[PDB]
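Contents: one structure, followed by commentary.
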Amino acid sequence: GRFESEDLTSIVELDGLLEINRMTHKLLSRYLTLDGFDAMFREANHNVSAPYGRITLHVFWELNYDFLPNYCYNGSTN
Amino acid sequence: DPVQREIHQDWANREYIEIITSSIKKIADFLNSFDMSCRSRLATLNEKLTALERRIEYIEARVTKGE
């Protein structure tokens, strides 16, 4: 939900946050029986009964409304 | 003499009784610890089964359509 309210550059934060959630899952799974992390993620990403998750859809939304029209490429620095 | 005799017989009678009542208590204790041991196994079985149920519902959702 945080990612859906930020621009494309915030996807690095999303990834780091997801990794913390994965770690939290691992730590908890030593004592509790939880749904597989991937199953939890896909459900939250609405990517279980649908082909494209919320992350993919938001990436495209941002490309269309922000990246393409507002960004300038620098070939020397990439 | 009849009293002394009765007292010796009473000791024997009461020891036998103590032995039986003691065994009835070991049976009662087994029953309890057996009850608890089975409660743990049932919970463990319930835990795993529930997880498997959820997992199946998840996999089905990946291979079927939505409302």
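The listed protein sequences correspond, in order, to chains A and B. Going by the UniProt record's numbering, the first sequence opens with residue 785, and the numbers climb by one from there. Going by the UniProt record's numbering, the second sequence opens with residue 6, and the numbers climb by one from there. Idealized CB from N, CA, C, for every residue including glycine.
Let me make sure I understand the geometry here. Which of the options has the alpha-carbon closest to that of residue i?
i                     : options                    : result
residue 790 (chain A) : A:857, A:847, A:861        : A:847
residue 48 (chain B)  : A:804, A:817, A:833, A:821 : A:817
residue 61 (chain B)  : A:852, A:844, A:820        : A:820
residue 809 (chain A) : A:823, A:796, A:854        : A:823
residue 787 (chain A) : A:841, A:814, A:861        : A:841
residue 815 (chain A) : B:52, B:44, B:38           : B:52
At the level of alpha carbons, what is the spacing between residue i and residue j?
i                     : j                     : result
residue 69 (chain B)  : residue 826 (chain A) : 15 Å
residue 796 (chain A) : residue 50 (chain B)  : 41 Å
residue 26 (chain B)  : residue 34 (chain B)  : 12 Å
residue 30 (chain B)  : residue 8 (chain B)   : 32 Å
residue 860 (chain A) : residue 806 (chain A) : 37 Å
residue 6 (chain B)   : residue 24 (chain B)  : 27 Å
residue 828 (chain A) : residue 785 (chain A) : 10 Å
According to DSSP, is residue i helix, strand or coil?
i                     : result
residue 802 (chain A) : helix
residue 70 (chain B)  : coil
residue 817 (chain A) : coil
residue 836 (chain A) : coil
residue 849 (chain A) : helix
residue 830 (chain A) : coil
If residue i and residue j are in contact, beta carbons under 8 Å, what's the gap, nearest whole angstrom?
i                    : j                     : result
residue 67 (chain B) : residue 843 (chain A) : No, residue 67 (chain B) and residue 843 (chain A) are not in contact; Cβ-Cβ is about 22 Å, not under 8 Å.
So does residue i have its beta carbon nearer than 8 Å to some heavy atom of the ligand SAM?
i                    : result
residue 42 (chain B) : Of the ligands one can find in the structure shown there are none, so the ligand SAM has no counterpart to examine.
So residue i contacts chain A; which residues on that side make the cut at Cβ distance below 7 Å?
i                    : result
residue 21 (chain B) : Per Cβ cutoff of 7 Å: no residues; residue 21 (chain B) is ~51 Å from chain A at best.
Note down, in chain order, every chain A residue with its Cβ under 9 Å from the Cβ of residue i.
i                    : result
residue 44 (chain B) : Here the premise fails: no neighbours, minimum Cβ distance about 17 Å.
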